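Q: Kindly generate the corresponding structure for this input.
(chains A, B, C, D and E, ligands or ions: 1)
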Amino acid sequence: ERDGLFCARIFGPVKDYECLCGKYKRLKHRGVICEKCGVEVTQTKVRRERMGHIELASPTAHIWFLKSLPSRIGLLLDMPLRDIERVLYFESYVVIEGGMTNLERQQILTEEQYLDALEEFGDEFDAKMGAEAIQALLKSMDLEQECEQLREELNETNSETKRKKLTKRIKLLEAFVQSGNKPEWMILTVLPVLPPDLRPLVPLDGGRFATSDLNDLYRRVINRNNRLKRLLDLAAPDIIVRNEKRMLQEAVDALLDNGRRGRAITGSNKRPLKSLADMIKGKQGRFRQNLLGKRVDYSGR
Amino acid sequence: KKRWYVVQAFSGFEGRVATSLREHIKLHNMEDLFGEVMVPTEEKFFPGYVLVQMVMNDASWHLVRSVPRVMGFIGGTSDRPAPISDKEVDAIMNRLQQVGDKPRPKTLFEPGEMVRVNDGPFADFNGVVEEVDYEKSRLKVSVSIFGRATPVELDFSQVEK
Amino acid sequence: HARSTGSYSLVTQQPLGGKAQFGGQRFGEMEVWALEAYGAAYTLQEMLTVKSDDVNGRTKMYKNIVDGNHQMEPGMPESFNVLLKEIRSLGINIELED
Amino acid sequence: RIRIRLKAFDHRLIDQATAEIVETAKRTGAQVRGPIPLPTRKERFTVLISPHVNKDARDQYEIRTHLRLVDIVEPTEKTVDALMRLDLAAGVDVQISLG
Amino acid sequence: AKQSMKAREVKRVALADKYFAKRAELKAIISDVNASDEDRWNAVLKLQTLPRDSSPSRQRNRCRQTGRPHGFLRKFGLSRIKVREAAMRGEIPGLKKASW
Ligand SMILES: [Zn+2]
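A: Numbers count the residues shown, from 1 in each chain, chains lettered A, B, ... in the order given. Below is the structure in question.
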């Protein structure tokens, strides 16, 4: 498909040193890209190393940093997991540097809490929701400032429980400053797609293609992202784009680690389909099944 | 006064959901509690949502969710689900066809030299269009897909930018 | 069953499994532990880089065996590059330093 | 229906092209209309052949542009890619037109 | 022809290419019966102001090889003499001596 998931220009030519469509059938000009083909010109294994990226219309926070126990965004923004998910699934609002009003920065807001505030603080007031709001919070979170505060808080208290609760928060706050990891990199904005060769589309004996599960996951994320771009073109009302961004959030969260959210999606028939984290973890991931133990030539039985 | 609400159906069975909804209204004869049922259509937004003129009693809420192939309302909460707006209805009344208007009675997709033909006999490939007859709705795409490389009078809708 | 050099799988460039598919026996995890338990280091290196996964390594190996050489050019397992692409396809940025 | 207008200066070449096109059509699709010969354009030119002066001294040249009208009545799926890999011989301007 | 003449011709062509949109517009304005008198006058004056070489009726068709003003043919862009030579050599496609 030009240009779909399994593109030509974005990745490479199926055949080795061939424009899939039609030009270069010898070994002279390896690289030329005509307008009739919109195709690169390299090796058959070149697509296995090349990866694509999906421009997610609406920001979506990572599931590995939101539900890892303890969550990476749970002990960093000083907010309970329950409240973090509420806002993340378009079910709660979050304040962000309101101004001269009677409201905190971490404190959340509900429909009734926002409605009344909307008519009250109609001017200088900011109260978003979802990953966008979360991203802002993380983005506008002076790491260094928190360190001293946390450090001073730990030296000005005697509470055993608090001490352990403060030492676990300051440990992940100073470790982030030691490296080049930003707080706004937790939310996924430019979702990456695994190489086609690594998500292979081979037909079994017959005339149909036995498709992998990751192609279902990526194809749903792209279907939803196209729908969300079209609705933000058309200026749909608030509840439509909240459901649309929420379905995109759940689609991305299902692509990365399926089933960590409520009941896992399924294609055929009731069995859930296998995601990227389920290509890593488990007895049948890459470590325990292809890197620690391998199948071996020059062997017999 | 009847205000609007948004219903989610199984996307694809939407006309059958609308018909079954009208029939459940005329079965349980709460005729004074329902005004219309909208599925708008362009020459189809919205992709899977049914608009209902309604009032909010819990009986009518159970009625709409007891209509088959309906998931539920979409709002702030499930106790008191949310109507949409009214200030954006005045601007929508003046314009109800922004994705198919006569504002640009010519170019539907930038011709230039990057288009693909799929409608009609010739299909699936692509060519470079030098001149174009927008007035008479004609294109001179020298698509080299079907044949050598001659300009084949194609239709704007038949081709794709 | 016996296999010198047969077909290779598609997603991870390792030999196929079974007998009907002309395949090679799984040098499993506990056998890797049992070769770590000796001092056999080159046997394990060719047992999981040359004989199994690395495609340029095994074509260099086949030329070197039919010419009498008896030498391996090691390289990298291609399935480790598959691990890099699967971890990298998340929001995670895994690399190889230096 | 696909009308095809072959135009060329050499007649033999044009004929060859036409046949090829027919072949391309006929294997994939069905009911090719036929190779209908339209009128030839004989665009003539007179010129003075002297460098300076001698007006009755003249050469009269011409370019015979031949036309071949091939039509295809049923455009199938496959018929569209029948002539995709088969570009025609050089010096023959083709002009396909569906409908 | 001379080099100089050729150069001049080229310049004229360039000018024509440049000033076409404006000149055409001006002409249209001048023509347009449903228009103000003063406006028309202005247009007429405006045209005068523009360079003379900007006019397409200024440039002469010369032979593309020799620059010979006379004996020109449009189809070939060549003067008769050169055209004949081309024909003889086989360089003009399709062209052969005609008899009837
Ligand atoms: Zn090409």
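Q: Name the nearest residue to residue D:69, ignoring sequence neighbours.
A: Excluding its sequence neighbours, the residue lying closest to residue D:69 (C-beta to C-beta, 6 or more residues apart in numbering or on different chains) is residue D:36, at 4.3 Å. C-betas here are computed from N, CA, C, even on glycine.
Q: actually residue B:113, not the one I wrote
A: Nearest non-adjacent residue to residue B:113 (C-beta to C-beta, 6+ apart): residue B:128, at 3.7 Å.
Q: Is it correct that that neighbour is in contact with residue B:145?
A: No: the pair residue B:128 / residue B:145 is not scored as a contact, 11.2 Å apart, by C-beta atoms under 8 Å.
Q: Could you pull out the strands in the chain for me?
A: Chain wasn't specified; assuming chain A. For chain A, the strands defined by DSSP state E occupy A:52-61, A:93-95, A:108-109, A:127-128, A:187-193, A:202-203, A:209-210, A:294-295, A:299-300.
Q: hmm, I had chain D in mind actually
A: Going by DSSP E, chain D shows strands at D:2-8, D:32-37, D:41-48, D:58-72, D:92-93, D:96-98.
Q: mind checking which of those strands is nearest the ion?
A: Across the strands of chain D, the ion has its closest neighbour in strand D:96-98 (21.9 Å, C-beta to the ion).
Q: how about the residues of chain B near chain C?
A: Where proximity means C-beta under 8 Å from any C-beta of the partner chain, chain B presents no interface facing chain C.
Q: what's the residue in chain B that chain D sits nearest to sitting at in phi/psi?
A: Residue nearest to chain D within chain B (C-beta to the nearest C-beta): residue B:121, separated by 2.4 Å. With angles defined as degrees, to the nearest 10, residue B:121 sits at phi -50, psi -60.
Q: Mind listing what's buried along stretch A:135-151?
A: Within stretch A:135-151, the residues that count as buried by 16 or more other C-beta atoms under 10 Å in any protein chain shown are A:135-138, A:141, A:146, A:150.
Q: next one: stretch E:59-75
A: Buried, per 16+ other C-beta under 10 Å, within stretch E:59-75: E:59, E:62-63, E:67-68, E:72.
Q: all strands of chain E, in order?
A: E:72-73, E:78-79, E:95-97.
Q: And the first one, what does it pack against?
A: Secondary structure elements in contact with strand E:72-73, counted by 3 or more C-beta pairs under 8 Å, 6 or more residues apart in numbering or on different chains; DSSP states H and E, are strand E:78-79, helix E:80-89.
Q: quick one, which of these is packed in tightest?
A: strand E:78-79 (a mean of 24; mean count of other C-beta atoms under 10 Å in any protein chain shown).
Q: and that strand, is it in reach of chain D?
A: No: figure legend: strand E:78-79 not in contact with chain D (C-beta under 8 Å from any C-beta); closest approach 9.0 Å.
Q: what ranges do the helices span in the chain?
A: Answering for chain A, as no chain was given. With DSSP state H as the definition, chain A shows helices at residue ranges A:81-88, A:111-120, A:130-139, A:143-155, A:160-178, A:213-234, A:238-256, A:277-280.
Q: could you do chain C instead?
A: Under DSSP H, chain C gives helices at C:29-37, C:42-45, C:55-66, C:78-88.
Q: Can you show me the CA trace of the longest one as CSV?
A: Meaning helix C:55-66. Extracted C-alpha coordinates of helix C:55-66, given in CSV (Å, rounded to 0.1, in the frame of the first residue of the first chain):
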residue,chain,number,x,y,z
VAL,C,55,24.0,-14.6,8.6
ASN,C,56,27.2,-13.1,7.3
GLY,C,57,29.0,-15.0,10.0
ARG,C,58,27.6,-18.3,8.8
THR,C,59,28.3,-17.7,5.2
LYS,C,60,31.9,-16.8,6.1
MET,C,61,31.9,-20.0,8.2
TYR,C,62,30.7,-22.2,5.3
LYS,C,63,33.3,-20.8,2.9
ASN,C,64,36.0,-21.3,5.6
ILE,C,65,34.9,-24.9,6.3
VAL,C,66,34.9,-25.9,2.6
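Q: what residues does it touch?
A: Applying C-beta atoms under 8 Å, 6 or more residues apart in numbering or on different chains, the contact partners of helix C:55-66 are A:297, C:5, C:8, C:13, C:46, C:49-51, C:69-75, C:78.
Q: Next, the angle from that helix to helix C:78-88.
A: Orientation of helix C:55-66 against helix C:78-88 (axes from the mean of the first three to the mean of the last three C-alpha atoms, to 10 degrees) gives an angle of 180 degrees.
Q: What separation is there between the residue of the stretch 151-300 of chain A found nearest chain D and residue B:124?
A: Proximity of the stretch 151-300 of chain A to chain D (C-beta to the nearest C-beta) peaks at residue A:207, 17.4 Å away. Computed with C-beta to C-beta, to the nearest Å, the distance linking residue A:207 and residue B:124 is 20 Å.
Q: quick one: which of these two has more around it?
A: The neighbour count for residue A:207 versus residue B:124, taken as other C-beta atoms under 10 Å in any protein chain shown, is higher for residue B:124 (14 against 6).
Q: and the gap between the closest residue to the ion within the stretch 151-300 of chain A and residue A:208?
A: Using C-beta to the ion, residue A:196 is the residue of the stretch 151-300 of chain A that sits closest to the ion, at 19.3 Å. Relative to residue A:208, residue A:196 is positioned 18 Å away (C-beta to C-beta).
Q: out of these two, which sits in the busier spot?
A: Applying other C-beta under 10 Å to residue A:196 and residue A:208 shows that residue A:196 carries more neighbours, namely 22 against 7.
Q: you'd agree that one is up against residue A:46?
A: No: assessed by C-beta under 8 Å, residue A:196 is found out of contact with residue A:46, at 10.9 Å.
Q: can you list residues touching both of those two?
A: Contact criterion C-beta under 8 Å, 6+ apart; residues shared by residue A:196 and residue A:46: residue A:11.
Q: Export the strands of chain A as TSV, with columns for mean neighbour count and distance to chain C.
A: Below are those laid out as TSV (neighbours: other C-beta atoms under 10 Å in any protein chain shown; distance: least, C-beta to the nearest C-beta, whole Å):
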stretch	mean neighbour count	distance to chain C
strand A:52-61	20	10
strand A:93-95	23	21
strand A:108-109	21	25
strand A:127-128	18	21
strand A:187-193	19	5
strand A:202-203	10	7
strand A:209-210	11	12
strand A:294-295	25	4
strand A:299-300	14	4
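Q: okay, the helices and strands packed on strand E:72-73 in CSV with distance to chain C next?
A: Below are the helices and strands packed on strand E:72-73 laid out as CSV (distance: least, C-beta to the nearest C-beta, whole Å):
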stretch, distance to chain C
strand E:78-79, 61
helix E:80-89, 57
